[PDB]
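> Sequence and experimental coordinates follow.
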Amino acid sequence: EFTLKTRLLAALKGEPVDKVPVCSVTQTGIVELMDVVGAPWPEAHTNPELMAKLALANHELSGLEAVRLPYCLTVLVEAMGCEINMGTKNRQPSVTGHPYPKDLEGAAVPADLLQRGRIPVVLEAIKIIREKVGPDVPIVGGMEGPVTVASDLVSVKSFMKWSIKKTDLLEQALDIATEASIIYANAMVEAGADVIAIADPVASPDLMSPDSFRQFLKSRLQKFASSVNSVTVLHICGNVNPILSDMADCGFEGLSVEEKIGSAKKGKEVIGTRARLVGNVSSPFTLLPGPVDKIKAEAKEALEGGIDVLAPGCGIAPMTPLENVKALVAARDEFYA
Ligand SMILES: [Mg+2]
Ligand SMILES: [Zn+2]
């Protein structure tokens with residue numbers, strides 16, 4: 001007698017379950033569903049009712065066993081003072097202006113952070129989702145993680161340069177970013193999110209050295225996971241093998257990883273008992289192009305490999321067909337006959 005909610009939480013914590021849940025902890029907005037239910041980007045980023053409507057659509061039509069919102073990695077950084085290009089129907093919002101590119105004078109978490117930007121759109125959409133689906137479906141709150149938030153406060157160019165030349169500034173930014181991150185994450189929990197999933201691409205070995213991850217980044221990610229009042233998941237895009245074992249020490253229940261790093265079996269060997277593994281079906285090379293049977297085959301492989309929560313490896317590409325998302329769920333059902 002698991003519910004979708006109780007199973008997800010049990011899975012992520014490593015407690016026994018009847019079967020692996022199938023859902024996404026990464027963004028679920030797809031153009032096919034934007035068209036069906038009339039909730040296109042960018043308006044689905046700015047209006048809580050359309051945000052709700054599109055999230056629910058990739059639950060109710062796809063069979064993914066959670067509702068995930070929002071669709072972008074800019075809500076918090078914008079509330080922190082970044083300027084955002086809101087993008088288009090298939091191009092996600094992106095940061096164009098950084099509030100503290102040359103120094104951190106005056107940089108703080110604003111006392112009224114939660115009223116700023118689109119924070120109130122996300123909190124309201126969570127409440128709308130909860131009211132519609134009820135207590136037995138889990139709500140995953142997505143956000144940019146503290147490394148990426150720090151990098152957006154100061155520009156990635158300043159962030160990289162300070163990492164070598166002004167580590168005090170690097171650390172001050174990381175500290176403000178972590179504080180803001182915890183505040184927003186807890187707000188999503190208070191609004192009704194069951195899992196907080198952070199996406200922190202700047203922490204990737206593709207952008208920051210593994211040595212820098214261990215020296216500066218790990219401690220902030222540890223502080224986040226410890227201070228946030230829910231089950232959490234850490235997603236770091238890219239070739240994360242050189243830090244996978246360090247990720248597993250950060251205190252997140254789950255780690256969300258891309259197909260790129262190898263098999264689920266291999267990932268489980270690295271992380272051991274320290275965290276669970278969420279993933280890993282390739283968003284750009286399997287889920288987006290299909291075909292359906294290739295998605296089911298790679299799903300099956302992750303399940304056999306011991307994945308804890310079957311999911312896309314990264315955010316779903318916006319042009320992913322609905323039937324390709326449904327092929328994930330079908331693979332899971334098939335595994336259990
Ligand atoms: Mg397991
Ligand atoms: Zn990713």
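Perfect, I can see it now. Numbering: from 1, shown residues only. Ligands and ions are numbered 1, 2, ... in the order given.

> Show me what residue of the stretch 101-250 of the chain gets nearest to ligand 2.
Nearest residue of the stretch 101-250 of the chain to ligand 2: residue 237, at 2.6 Å (C-beta to the ion). C-betas here are computed from N, CA, C, even on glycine.

> Quickly list what the closest residue in space to residue 257 that isn't next to it in sequence is bridged to.
Of all residues not flanking residue 257 in the chain, residue 279 sits nearest, at 4.9 Å (C-beta to C-beta, 6 or more residues apart in numbering). Residue 279 has these beta-bridge partners by DSSP bridges: residue 310.

> okay but residue 279 is in contact with residue 260, surely?
No. Using C-beta atoms under 8 Å as the test, residue 279 is too far from residue 260 to be in contact (10.3 Å).

> Report the set of residues contacting both of these two.
The contact sets of residue 279 and residue 260 overlap at residue 313 (C-beta atoms under 8 Å, 6 or more residues apart in numbering).

> And the two? Which one has more around it.
Per other C-beta atoms under 10 Å, whichever of residue 279 and residue 260 has more neighbours is residue 279, with 26 against 17.

> how much space between the more buried one and residue 299?
10 Å (C-beta to C-beta, to the nearest Å).

> hey, what's in contact with both of those two?
In contact with both residue 279 and residue 299: residue 310, using C-beta under 8 Å, 6+ apart.

> can you give me phi and psi for residue 191?
Backbone torsions of residue 191, given as degrees, to the nearest 10, read phi -70, psi -20.

> What segments of the stretch 201-337 of the chain are helices?
210-212, 218-227, 241-247, 264-271, 292-304, 322-335 (DSSP state H, counting those that start in this stretch).

> So is the third one next to ligand 2?
By that I understand helix 241-247. No. Figure legend: helix 241-247 not in contact with ligand 2 (C-beta under 5 Å from the ion); closest approach 12.9 Å.

> tell me what that helix is packed against?
When contacts are defined as 3 or more C-beta pairs under 8 Å, 6 or more residues apart in numbering; DSSP states H and E, helix 241-247 sits against helix 210-212, helix 264-271.

> most packed of those?
helix 264-271 (a mean of 18; mean count of other C-beta atoms under 10 Å).

> Kindly format the C-alpha coordinates of that one as PDB.
Extracted in PDB, the C-alpha atoms of helix 264-271 (Å, rounded to 0.1, in the frame of the first residue of the first chain):
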ATOM      1  CA  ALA A 264      23.700   2.700 -13.600                       C
ATOM      2  CA  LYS A 265      25.500  -0.400 -12.300                       C
ATOM      3  CA  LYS A 266      28.800   1.400 -12.400                       C
ATOM      4  CA  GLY A 267      27.400   4.500 -10.700                       C
ATOM      5  CA  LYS A 268      25.900   2.300  -7.900                       C
ATOM      6  CA  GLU A 269      29.300   0.800  -7.400                       C
ATOM      7  CA  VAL A 270      30.900   4.200  -6.900                       C
ATOM      8  CA  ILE A 271      28.300   5.600  -4.500                       C
END
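
> which helices and strands does that helix pack with?
Judged by 3+ C-beta pairs under 8 Å, 6+ apart, helix 264-271 is in contact with helix 241-247, strand 276-281, helix 292-304.

> and stretch 57-76, how far from the chain's centre?
Remark: stretch 57-76 is offset 10 Å from the chain centroid, using C-alpha atoms, centre = their mean, to the nearest Å.

> Pull out the buried residues from it.
Across stretch 57-76, burial judged by 16 or more other C-beta atoms under 10 Å covers 57-59, 61-76.

> for ligand 2, what are the nearby residues on this structure?
Within reach of ligand 2 by C-beta under 5 Å from the ion, the chain has these residues: 237, 314.

> repeat that with 6 Å
Taking C-beta under 6 Å from the ion as the criterion, the chain approaches ligand 2 at residues 235, 237, 258, 314.

> which one of the residues you listed is nearest residue 158?
Closest approach between the residues of the chain next to ligand 2 and residue 158, by C-beta to C-beta: residue 237, at 21.3 Å.

> The closest one touches residue 203, doesn't it?
No. Checked against C-beta under 8 Å, the pair residue 237 and residue 203 is beyond contact range at 9.2 Å.

> Pick out whichever of these two has more residues nearby.
Legend: neighbour count by other C-beta under 10 Å for residue 237 and residue 203, higher for residue 203 (32 against 22).

> From residue 274, how far out is the more buried one?
For residue 203, the distance to residue 274 equals 17 Å [C-beta to C-beta].

> deepest of the helices and strands packed on helix 264-271, which one?
Counting by mean count of other C-beta under 10 Å, strand 276-281 has the highest mean neighbour count of these, with a mean of 27.

> burial of the nearest residue to residue 265 once chain neighbours are set aside, as a residue count?
Excluding the flanking residues, the one nearest residue 265 by C-beta to C-beta, 6+ apart is residue 305, at 3.8 Å. A count of neighbours around residue 305, defined by other C-beta under 10 Å, yields 17.

> Next one: residue 305 from residue 241, what distance?
Counting by C-beta to C-beta, the gap from residue 305 to residue 241 is 16 Å.

> Residue 218 and residue 174, how far apart?
Going from residue 218 to residue 174 by C-beta to C-beta gives 11 Å.

> Which of these two has more residues huddled nearby?
A direct count of neighbours by other C-beta under 10 Å for residue 218 and residue 174 places residue 174 higher, at 26 against 18.
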